[PDB]
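# Report on the structure
Given next are the chains, with one letter for each unit.
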There are 6 protein chains.
Amino acid sequence: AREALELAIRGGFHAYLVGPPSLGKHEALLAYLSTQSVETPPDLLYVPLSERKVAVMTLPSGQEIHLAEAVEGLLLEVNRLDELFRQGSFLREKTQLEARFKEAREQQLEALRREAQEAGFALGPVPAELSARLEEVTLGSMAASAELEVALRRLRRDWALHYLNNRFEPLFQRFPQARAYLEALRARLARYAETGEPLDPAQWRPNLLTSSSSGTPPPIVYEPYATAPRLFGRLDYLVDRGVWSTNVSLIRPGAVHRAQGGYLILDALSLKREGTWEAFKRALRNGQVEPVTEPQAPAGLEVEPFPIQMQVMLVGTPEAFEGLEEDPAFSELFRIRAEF
Amino acid sequence: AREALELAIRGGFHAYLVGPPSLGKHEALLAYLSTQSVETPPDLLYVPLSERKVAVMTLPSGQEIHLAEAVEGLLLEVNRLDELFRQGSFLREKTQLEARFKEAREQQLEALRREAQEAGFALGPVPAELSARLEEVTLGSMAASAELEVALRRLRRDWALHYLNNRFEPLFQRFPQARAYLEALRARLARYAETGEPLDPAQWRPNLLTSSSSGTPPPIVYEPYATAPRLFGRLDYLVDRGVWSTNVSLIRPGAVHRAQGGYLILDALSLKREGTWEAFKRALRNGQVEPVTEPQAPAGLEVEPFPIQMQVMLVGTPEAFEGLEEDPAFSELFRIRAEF
Amino acid sequence: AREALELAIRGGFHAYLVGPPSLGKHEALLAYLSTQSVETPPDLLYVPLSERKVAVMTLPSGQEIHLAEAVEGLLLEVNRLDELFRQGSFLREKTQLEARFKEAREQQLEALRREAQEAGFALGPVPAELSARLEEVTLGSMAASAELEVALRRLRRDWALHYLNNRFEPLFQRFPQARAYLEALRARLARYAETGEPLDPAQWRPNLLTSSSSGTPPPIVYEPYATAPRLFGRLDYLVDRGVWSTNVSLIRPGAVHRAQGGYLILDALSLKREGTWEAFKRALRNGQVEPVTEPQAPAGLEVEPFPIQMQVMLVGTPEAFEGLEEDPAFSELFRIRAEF
Amino acid sequence: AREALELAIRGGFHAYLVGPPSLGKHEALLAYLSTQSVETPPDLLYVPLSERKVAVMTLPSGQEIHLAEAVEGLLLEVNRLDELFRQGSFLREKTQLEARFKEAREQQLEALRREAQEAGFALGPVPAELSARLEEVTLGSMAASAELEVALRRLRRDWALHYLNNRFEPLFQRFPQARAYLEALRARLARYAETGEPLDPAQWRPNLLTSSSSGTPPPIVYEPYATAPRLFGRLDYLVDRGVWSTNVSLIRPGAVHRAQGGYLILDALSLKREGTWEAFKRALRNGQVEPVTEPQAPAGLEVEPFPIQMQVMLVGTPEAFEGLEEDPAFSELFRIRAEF
Amino acid sequence: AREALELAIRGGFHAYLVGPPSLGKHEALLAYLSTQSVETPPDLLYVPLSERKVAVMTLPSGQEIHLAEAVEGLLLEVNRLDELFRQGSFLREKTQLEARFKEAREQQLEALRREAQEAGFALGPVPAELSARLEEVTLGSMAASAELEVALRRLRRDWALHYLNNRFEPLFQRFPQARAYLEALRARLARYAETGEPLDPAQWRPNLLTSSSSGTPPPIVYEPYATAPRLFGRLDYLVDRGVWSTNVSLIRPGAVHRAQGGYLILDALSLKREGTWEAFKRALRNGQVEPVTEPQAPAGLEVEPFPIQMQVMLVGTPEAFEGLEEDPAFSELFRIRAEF
Amino acid sequence: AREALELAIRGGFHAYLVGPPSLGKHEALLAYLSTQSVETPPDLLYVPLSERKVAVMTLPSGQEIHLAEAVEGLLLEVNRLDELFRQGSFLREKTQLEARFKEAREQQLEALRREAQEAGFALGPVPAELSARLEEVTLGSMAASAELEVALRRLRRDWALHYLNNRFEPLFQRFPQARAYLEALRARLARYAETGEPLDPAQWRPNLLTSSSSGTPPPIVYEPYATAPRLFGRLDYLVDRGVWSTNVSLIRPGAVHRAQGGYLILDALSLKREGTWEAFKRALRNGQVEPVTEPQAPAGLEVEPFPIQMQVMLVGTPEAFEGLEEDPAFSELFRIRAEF
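Residues numbered from 1 in each chain as written, not as in the entry; some residues may be left out. Chains lettered and ligands numbered in written order. Heavy atoms only, no water.

Looking at the PDB entry, chain A carries the name TTC1975 peptidase, with the source organism given as Meiothermus taiwanensis.

### Describing the overall build of chain A
As a reminder, the rule being used: Secondary structure counts use DSSP, requiring at least four H or I residues in a row for a helix and at least two E residues in a row for a strand, with both numbered from the N terminus. We compute the radius of gyration from the C-alpha atoms alone; for a globule the expected value is 2.2 Å times N to the 0.38, where N is the number of residues. Buried, partly exposed and exposed residues are distinguished by accessible area as a fraction of the type maximum, computed with a 1.4 Å probe on protein chains only: under 20%, between the cut-offs, and over 50%, respectively. Under the convention used here, a 1.4 Å probe and the Shrake-Rupley method define accessible areas, while residue burial counts only the protein chains that appear.
Counting its regular elements, chain A contains 14 helices and 14 strands. By the compact-globule yardstick of 20 Å for 340 residues, chain A is too spread out, its C-alpha radius of gyration being 31 Å. With respect to the principal axes defined by its C-alpha atoms, chain A has extents near 110 × 40 × 35 Å. When each of the 340 residues of chain A is scored for burial, the buried share is 45%. Just so you have it, chain A exposes about 17100 Å², and 50% of that area is on carbon and sulfur atoms.

### Topic: the relation of the copies chain C and chain D
Put simply, the rule reads: We superpose the copies by least squares, fitting on C-alpha atoms. Residue contacts are counted whenever heavy atoms from the two residues lie within 4.5 Å of one another.
Overlay of chain C on chain D (RMSD 0.0 Å): rotation 180 degrees, translation along the axis 0.0 Å. Viewed as a symmetry operation, the transformation between the two copies matches a two-fold axis. In this assembly, 100% of the residues forming the interface of chain C have copies in chain D that are likewise at the interface, indicating an isologous arrangement.

### Some points on the interface of chain A and chain B
Under the convention used in this document: In short, buried area is how much 1.4 Å probe accessible area vanishes from two parts on joining, totalled over both. A side-chain nitrogen of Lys or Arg and a carboxyl oxygen of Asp or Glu constitute a salt bridge if their distance falls within 4 Å. Polar contacts, as counted here, are pairs of nitrogen or oxygen atoms within 3.5 Å of one another; within protein the pair requires one atom able to donate a hydrogen and one able to accept it, and residues that are adjacent in sequence qualify only if both atoms are side-chain atoms. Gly counts as polar in this scheme, as do all residues outside two lists: the nonpolar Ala, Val, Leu, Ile, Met, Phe, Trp, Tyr, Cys and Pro, and the charged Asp, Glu, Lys and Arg.
Of the residues lining the interface, 21 residues belong to chain A; the matching set on chain B comes to 21 residues. Carbon and sulfur atoms supply 57% of the area that chain A and chain B bury against each other, a total of about 1800 Å² over both sides. Of all residues in chain A, the largest losses of buried area upon contact with chain B belong to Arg100, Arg154 and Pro298 of chain A, amounting jointly to 28% of the total for that side. If you look at where chain A meets chain B, you find four salt bridges. With a shortest N-O distance of 3.7 Å, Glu302 of chain A and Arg154 of chain B are connected by a salt bridge. Viewed at the interface, chain B and chain A are joined by two residue pairs in polar contact. Among the secondary structure elements, those contributing two or more residues to the side of chain A that touches chain B are α5 (88-113) and α6 (131-174) of chain A. If one sorts the elements of the side of chain A that touches chain B by residue count, α6 of chain A sits on top with seven residues. For the side of chain A that touches chain B, a count of residues per class yields nine nonpolar, four polar and eight charged.

### Some points on the interface of chain C and chain D
At the interface, 21 residues of chain C touch 21 residues of chain D. Of all residues in chain C, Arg100, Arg154 and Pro298 of chain C bury the most surface against chain D, accounting for 28% of the area lost on that side. Taken together, the links from chain C to chain D amount to four salt bridges. In this structure, the salt-bridge partner of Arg52 of chain C is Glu147 of chain D, at a minimum N-O distance of 3.5 Å. The interface formed by chain C and chain D includes two residue pairs in polar contact. Of all elements in the fold, only α5 (88-113) and α6 (131-174) of chain C reach the threshold of two or more residues within the side of chain C that touches chain D. Considering each element in turn, the side of chain C that touches chain D owes the most residues, seven residues, to α6 of chain C. Of the residues assigned to the side of chain C that touches chain D, the class counts are nine nonpolar, four polar and eight charged.

### Considering the sheet that holds strand β3 (residues 53-59) of chain A
All names here are of chain A. The cut-off we apply is this: By definition, two strands form a pair when at least two bridges between them are found by DSSP.
With respect to topology, three strands assemble into an open sheet ordered β2-β3-β11, the strand pairing being mixed. The strands lining the two open edges of the sheet, one partner per strand, are β2 (43-48) and β11 (302-303). In this sheet, β11 lies alongside β3 in parallel orientation, the contact comprising two bridges. Each residue of the ladder has a partner; that of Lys53, found in β11, is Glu302.

### Some points on the packing of helix α1 (residues 2-10) of chain D against helix α4 (residues 77-84) of chain E
Defined as follows: Angles here are taken between N-to-C directions and fall from 0 to 180 degrees, while the axes themselves are lines fitted to C-alpha atoms, restricted in helices to the stretch in contact. We call two directions roughly parallel when the angle between them is under 35 degrees, roughly antiparallel when it is over 145, roughly perpendicular when it lies between 65 and 115, and oblique otherwise.
Following both chains from N to C, one finds α1 of chain D and α4 of chain E inclined at 110 degrees, their axes separated by 10 Å at the closest point. The orientation of α1 of chain D relative to α4 of chain E falls into the category roughly perpendicular. On α4 of chain E, the residues that touch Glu3, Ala4, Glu6, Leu7 and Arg10 of chain D of α1 of chain D are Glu77, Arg80, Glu83 and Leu84 of chain E.

### Some points on the domain arrangement of chain A
All names here are of chain A. Heads up, the condition is: These domain boundaries are the output of an automatic or database domain assignment.
Along its sequence, chain A is organised into domain 1 (1-62 + 197-340) and domain 2 (63-196). In this structure, domain 1 and domain 2 have C-alpha centres spaced 48 Å apart. Across the boundary between the two partners, domain 1 contributes 23 residues, which contact 22 residues of domain 2. Between domain 1 and domain 2, roughly 2000 Å² of surface is buried when both sides are summed, and carbon and sulfur atoms account for 63% of that area. Among the residues domain 1 hides against domain 2, the three largest losses belong to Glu197, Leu199 and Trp204. Together they make up 32% of the total. Applying the counting criterion to the domain 1 and domain 2 interface returns three salt bridges. Where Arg205 meets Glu72, a salt bridge forms, and the shortest distance between an N and an O atom there is 2.6 Å. Summed over the shared surface of domain 1 and domain 2, the result is eleven residue pairs in polar contact. Looking at which element gives the most residues to the side of domain 1 that touches domain 2, the answer is β2, with five residues.

### Observations regarding the sheet that holds strand β1 (residues 15-18) of chain B
Residues and elements named next belong to chain B. Strand order across the open sheet formed by five strands is β4-β9-β13-β1-β14, with parallel pairing between neighbours. Only two strands of the sheet have a single neighbouring strand rather than two, namely β4 (220-223) and β14 (336-339). On average, each strand axis in the sheet is tilted by 20 degrees relative to the strand beside it, whichever way the strands run. Taken together, the four bridges between β1 and strand β13 (residues 311-316) define a ladder with parallel strand orientation. For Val18, the partnering residue across the bridge sits in β13 and is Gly316. Packing of helix α2 (residues 25-33) onto the sheet brings it into contact with β1, β4, β9 (263-267) and β13, and relative to β9 it is tilted by some 170 degrees.

### Quick notes on the relation of the copies chain A and chain B
Note on the copies: chain A fits chain B at an RMSD of 0.0 Å, the axial shift is 0.0 Å, and the rotation between them is 180 degrees. A high fraction, 100%, of the interface residues of chain A reappear at the interface in chain B, so the copies pair face to face through one surface.

### So, the environment of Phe168 of chain C
Here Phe168 of chain C shows up in helix α6. Spatially, the C-alpha atom of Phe168 of chain C lies 29 Å from that of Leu148 of chain C, the residues being 20 residues apart in sequence.

### Brief notes about the pattern of salt bridges
For the structure shown, the criterion picks out 132 salt bridges over all chains. The closest approach of N and O atoms between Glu77 of chain C and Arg167 of chain C, which form a salt bridge, is 3.2 Å. Here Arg153 of chain D makes a salt bridge to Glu149 of chain D, at a shortest N to O gap of 3.1 Å. Note that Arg153 of chain D and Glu149 of chain D are positioned in helix α6 (residues 131-174) at a spacing of four residues, about one turn of the helix. Here the salt bridges do not stand alone but share partners, grouping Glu6 and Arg10 of chain A together with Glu77, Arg80 and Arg167 of chain D into one network.

### Structural notes on the side chain of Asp327 of chain D
Residues and elements named next belong to chain D. If you trace the backbone, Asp327 turns up in the loop between α13 (318-325) and α14 (328-333). Given the relative accessible area of 17%, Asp327 is considered buried. For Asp327, the side chain forms a polar contact with the main-chain nitrogen of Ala329, separated by 2.6 Å. Setting aside its immediate chain neighbours within four residues, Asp327 contacts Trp277 and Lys281.

### What about the pairing of strand β9 (residues 263-267) of chain A?
Residues and elements named next belong to chain A. Of all five residues in β9, four are buried, a share of seventy percent or more. In this structure, strand β4 (residues 220-223) lies alongside β9, joined through four bridges in parallel fashion. The partner of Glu223 across the bridge, within β9, is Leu266. Bridging between β9 and strand β13 (residues 311-316) involves five bridges; their strand directions are parallel. Within the sheet, the bridge partner assigned to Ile265 lies in β13 and is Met313.

### Let's talk about the packing of aromatic side chains
All names here are of chain B. Spelled out, the test is: We call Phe, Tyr and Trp rings a pair once their centres come within 6.5 Å, taking the six-membered ring for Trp, and we label the pair stacked below 30 degrees between planes, edge-to-face above 60, and tilted otherwise. Charges are assigned to positions over rings by a cutoff of 6 Å between ring centre and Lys NZ or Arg CZ, combined with an angular limit of 35 degrees from the ring normal.
What the rule picks out here adds up to 66 aromatic pairs over all chains. Here the aromatic rings of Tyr46 and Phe306 are separated by 5.6 Å at their centres, their planes lie at 65 degrees, and the arrangement is edge-to-face. The same class applies to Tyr46 as to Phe306, namely buried. Over the aromatic face of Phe85 sits the side chain of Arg156, whose NZ or CZ is 4.5 Å from the ring centroid.

### Notes on the side chain of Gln311 of chain D
All names here are of chain D. As for its position among the elements, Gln311 is in strand β13 (residues 311-316). The buried category is assigned to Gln311, whose relative accessible area is 11%. Leave out the neighbours within four places in its chain, and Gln311 touches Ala8, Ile9, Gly11, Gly12, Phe13, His14, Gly262, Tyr263 and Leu264.

Listed below in structure tokens is the structure:
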């Protein structure tokens, strides 16, 4: 009874608690677990490495709130980049290379103008094969033109990175686990500099899944209703007019996200009724799971599978277990049985 | 005389050799140096991290030929990527998600068609505010359409990287110094997969500057004609029609590139006649230099400065040195004077 | 055709070759593969950590022959241990502590003898409660006796380890990957010292599975007959009289063992006919497999799963593939299809 | 005087204090030293790696109390292992392999029974060489029987280690210096699982020798009575009936154990009177010493020598030193002499 | 205005603030900066590696006060060394080797005395070539004499280092960055032992340049008067009678020393009036500067250049900047311009 | 016999071979050992860290010849330093600071000369307290004079180290174990620069003790005559006139030096006859020994103890061992006894 339960707690083990038909057995296991304590759990959370790609991040317990606050500051850095490009020192480097490209165009124009022989500046007949020369200058002016747009972009980029490396340097040393994510944000702010294309905060913020936990009391989730979305989390979508979209902030946590580092108490009967035993088995066997998506939605995300790091306690009556007990994988995963 | 010279050789020192008006003093210093030997020099070379950005790479002596051969193989990998996208397993993943996007469009079309009330399929009057519904479907079909192009790109990309990581893995372990450059090539082949846009070999190949050297005999360059381009190298350009362009293969080595790890014998008189003392001073003081460009060309490269790693021997007559000798920086850089 | 095949070879990929009914298609793929070369494969082999437990060892290519030769020498070390216990220096430490235990017994005997009052040495009536004293001495002599056997064992052990650490020290530095296995052998020789119980060479030798390979030509196995034992290896047993037994030398290699680092050419039809598709799928998915045992044999081994490190080429006719092609896992594992 | 003493304290030095015949000179040196402070001393303690082998452990100051508390918890884990073997999931693996061995015996019995020709089941004449067959089955049933006991042990072991690795993992990371000792305890609990043989707490607990010390005030021991056991500690024995025994908890600390990290004030006269100068000299020279045993006791321990890590101050009158002063080793060890 | 300023603060940037003729613009920038906070600055300070050589040391913020206190204790260690050489154990090693050298002299004297043939001890005629023998003994006695002084020095040295290594060991582990400096002090105390030559505290103490700073508020220096000595610090000299001298304690901090880790507010007009723009430019470009010396003083120090680690804000009116604004290096260094 | 011997060889063990009175038993053990092979022995040698201090160096087998050749080159570097100080660039820095000190003296002289009031340049009466001023200038000129000698030394030193660091840099990377010794040589060449005091090659060369050995055949020394100097090596002395001296080249190797990595065959009888059993015991117990010196020589060296790294085989007749056999330390060190 209590001994089997203590054994489950002390061992690594997933367990199942078997009791009489009376209800609220969950609310007694809960009271019991909430007097224990566990090893401090890290913060596990989702972050966007791009608009489409979402990774799992692990931070020391308590640090995720601070990263999120730091990210809100980085988003406002677009206003600082704007002011940076109003500075005279930048405007001077800028016109300086503009003149470099005016010069090249407006000399090949003056070499094309010294056709005082048969032409007179456009803005004969006949041509005379200086007709080719006209194309040289045209094609060349368009090429110098695109080459100038690019060089301005590269210029804005370089200035932007000079400024941004000062903002980011403290962050890398404060959040070494967030390194790839901070690099992704830095690149994206650099692209705002090149392009002027504004950031949607909702595509770039970290998605904190649960509150940080000391371990005392342990994280504990009771799930009476075991659907796939409630166990595994789900991805929501925005449909504005006819347009579908989605982003990292639209991932909604399930029990595996909220119970990280702790205990997940699950109603067994509900697990059977719902589709979910087979998928639950797979999740436990693999150590990870993805959030539920709507198959055949015209929008999507590449989401890293979320690791399973909790201990599961199934609750039910003998009758409730009988369907489960006849599967050989049941006792392989749920080694300990506990009573009353 | 010989002692001062030995002293220069054994010490780290830049020197100057002072001799009578008779010519071929260079061809005697050369004969002398070519009996010495030096520490094995690494291969120093230029590689493109992008079409516009060029970095310096250091490889163990002899390895650059092998990297260059490996790069020629990587360039031909575009043909392998082509065959990869003719595979049934890929075509099936491809049509599979095509159908996913046809489904979404051609159901919202059938929901838009059940306006048998006042419409009849286009391909009244009046509208009736199902007019808005028509736009939902249009805007939504265009969005699903762009979302599909992107997802195909991401699909081709992912397949491409699966294949390319097998080709690149041996290279990273064989050429750990070439890591950033190999990553740049891998990304570029991945983009050929996304885009179909072919690679210009000349933009992506490493530019080997000198033959590898054992150190015996040492690398030795004699430069009788001390212009900036011949000392520091230069960047060439292609002008085809009126269009200017340039790339990493158009960097032409100077003496600082060819004398790496060894000796640069320089005619002193020529250094004075030409513009070049001031720039030479700067190069030595800074430990690095860039190749000469045509200022105000409408095309350019971002080129990492090339490190100076040679020992310089100035050759001349007493008269030839007098202009140099009156500069305080002269003897600071050229500590040793040698005779005859 | 050749292109798809080259693609399979250059990529990491498992492939399948589809051809006309004509036979010997295998002998042509073989001729082709045997002109390639692969990265040098490590030696993968089975070693016993105990009489019952078998682990996988990885050695640099070519080193396994040398370990096996070293192990043959270690087995003969039992003869050296025998001579060690014939040495006077050891015999003296030995009798020295024998006397220490004779002393303790044969003084408590002389304290028990000074019952000249009512006794006379055994080897009244009545007893007189010196009856308890008789038991003290008995129980005490038996305890001192067992304590002496143990101390002799500990003595032989310590001497044995002094000698054996000199033999083993070069081995640890020559074969750092073999460390746990060498420790197991050292402990077992130490136990021969304690116990006199001889070693069965067949329980302690490493089981080399294939000849070492440079990579040129690659390891290549053709398997026309795809039973579980021939793919995965098997465990044999000795039944001498009615007694069952087994050991690490009775593991027989299959194709996954012989094709390590190279290519496994497999007849597709045979894979279907035999039980084996499902188990083959599992092996590939898991990256590892165990050798086949006779279920319900009264003897067994704990065998570490052997990693799969080969590239598989399925050979067949279109007809031969049709049963396979209708499984979604087929093309997931066999990405590349090649012709003729 | 005070200067020589300060010099002794500040230097590393063993010293001797020479004073008038008046008593309580120790109680004045003590008052003085107890105002100083020293570098924080680690906890040095004895732990059992087996029932017979005792090692020295070093822990950060204050951590030994916590290890000892953790060890008390590990000892009670035998109760948890008991409950573990009452679990249905374990009982099922257990009968499962019991049946595997019943099957093998009770089929070879039915093959032995089909001697309906000349036999009739035992539980002719004559034999007929099926007499050999009877032995096959007997010898084979005994072998299958022993093989079953072993397999049950191995089974209990494996389950036990699954559970115990969860209990031990936090300990290894909390007490990395205690690693060998925790491994020894884990193995011993695993053997309780195999065997049912209970642990004697007194053989497995760490033996804390002194209270932890901050360094302020320093550890200080005054020893007026310099026998070998009081300086070096001793090993006690239990003699219950006639049986001798001993264990790690029966080691009694001496001054070298209690003064670790600090000062040992020693009466010089007493050092002379007692046997102990020669042994004290040796201890200091070697940096270590073992506790005193009763030579020729029929029980013993293998005890790692305990390091000497204190500074010694000899106290006496001029007369008291004269016997010591005439030994050349005296001043080599006691460099500083201090007065009054 | 405020935005440009925030931009300067958040970026790494040197800035200049342009305002109306009204005074106290500095006292407003100051009020503003003193509400910010910066990353904790290390302690940067000057330490003497010898009487003539001065290095820069970096310590964790707050640790320099503790090193300085530790150094004051090390200086007083000369008194402890004095007492050490009054110890009998040392005096005995000392006379012991004195006798060894008396013996050698006063036996070769007794071999020189056994010229009872023609001599009689000095303190004939004629000589007789025992005249050479007289010189042997003389030259030999002088050599044994110098060899004895040296051996006494080496003796005092060795004793001194035995004692000093106990004092220094805690310091090396407490101040690992101060390692070279502590080694220099240890050697110097060892030389006091050899030589008796006392230490001048002023030559050996660390020279703390500013108070340690948490970063809140940031270090801020306002410099209205921009002379070279006030910006860069200066070296003072002592002239006592006609004798010039100087030492590490005579280096006087300038603004670059006091503003380390923070902000240096500088009056622009004053920078122009004084000699100092050119030297300031150089300092910023190089990242370091040396303190001002009196050229052609007959005393000097070898002083490591002090790194520049502050952010500079120039203050002035438009008019005040015009002279500066026309230098291309101005805007290269002062990227941000701020108003009012 | 052979078995005991093989046992000794295979184990780590010191042994003793007991045989009949017939002679040449050594020459048979020798023949036997010279067919074996041992682990490659490092080169163990003596190097001078100063004129008085000698350390043990360990080099990879074969490298000591190369270090010795490198050292011969370093000794000749004094000739290169001479030429360096004949260079104009150095002479100019030199007179430059000479003038700086002439200036200071010959201005305070001209300030002392403007006593045209009551003086007239020396080279009244009465004085007039400008008498003090005369002393200021004198004392000041002497101080400026000594300060100049020092500054020239520091100047020569700095130039010398610039040159020498180029010569030494390859050596540090080629001989990382020789680091302290190379540093000592570099400092000594730097002092030749400061001082002009020539180096005695014999005080600075490494003293190679034995030829390098592959291990096949093993190093083997037979010692029939077991005096202390022949076992342990000795220090020689030079007595030129009456002056005693000694240096690292005057250390003469004994058997422990020549048998390093191998076998030392020792006549047992000779060990008894000579003083040497007690000292031999000590050497083995300590793992190291020093070479024999003449006690009470007026010259000496501080010599690091040389490690013992050989296996010892004592040879004799039963009679020869009897004196040894009765010492308890005998069999502790010589565990194995072998016959015939």
